[PDB]
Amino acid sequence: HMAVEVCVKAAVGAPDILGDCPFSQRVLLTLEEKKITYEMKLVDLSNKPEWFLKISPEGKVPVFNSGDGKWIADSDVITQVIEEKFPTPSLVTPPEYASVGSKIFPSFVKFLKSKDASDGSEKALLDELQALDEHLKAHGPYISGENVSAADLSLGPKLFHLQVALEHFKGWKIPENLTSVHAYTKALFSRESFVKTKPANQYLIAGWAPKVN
């Protein structure tokens, strides 16, 4: 029977280069951490190939094959299907810590797209990071203590995008007085799985550039 497969976003105009999808990176982080043998198939969404449109006709990424031939979409769905089919090593996050940092990504996009300083977007984002800092100071170094879980593989890519896009477009960085957020991103981003699956800053910025204007 079939191999384990994942289709993710490639850099625009470079089909052999990994793109900036943070939902695709969550799935890649899961597959790496569980030491599963798989194949990453890159798709340039501005030039959707024949084989891709067969597998995912609505052109959405990521799409995953567990080796059964049935292609499934949505990174929440995918990472949970992976947890069931490949339970060891466990990456289960306790439900008490499931929604930790849930509003950081929407607040990041809100502040990035912003043109007004009286917007309240910066404060709303800062308040969201202050809450994450408090949670990490109390129950860290990761979302669920001493070990990396699913919630980290989801939030990690989102904080990476926040870091690169806000520095480039705004000159804004997660403030250093948020010591627990910083130890968290320092620890998470330096992981063998993150370093491998992270997009080059270049493609992250290029991807966000049209949405900023």
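Just count from 1 along the sequence shown to find any residue number.
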On average, are the C-alpha B-factors higher in 134-142 or in 109-117? 109-117
Selection from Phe160, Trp51, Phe64, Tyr184 [criterion: highest C-alpha temperature factor in the record]: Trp51
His168: C-alpha B-factor third of its chain, per the entry, is the middle
Sort the modelled residues of this chain by their C-alpha B factor and say whether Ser90 lands in the lowest, middle or highest third. middle
Report the third (lowest, middle or highest) to which the CA temperature factor of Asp68 belongs, ranking only the modelled residues of the same chain. highest
Can you tell me which third, lowest, middle or highest, the CA B-factor of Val148 falls into for its chain? middle
On the chain's distribution of Cα B-factors, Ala98 falls within the third called highest
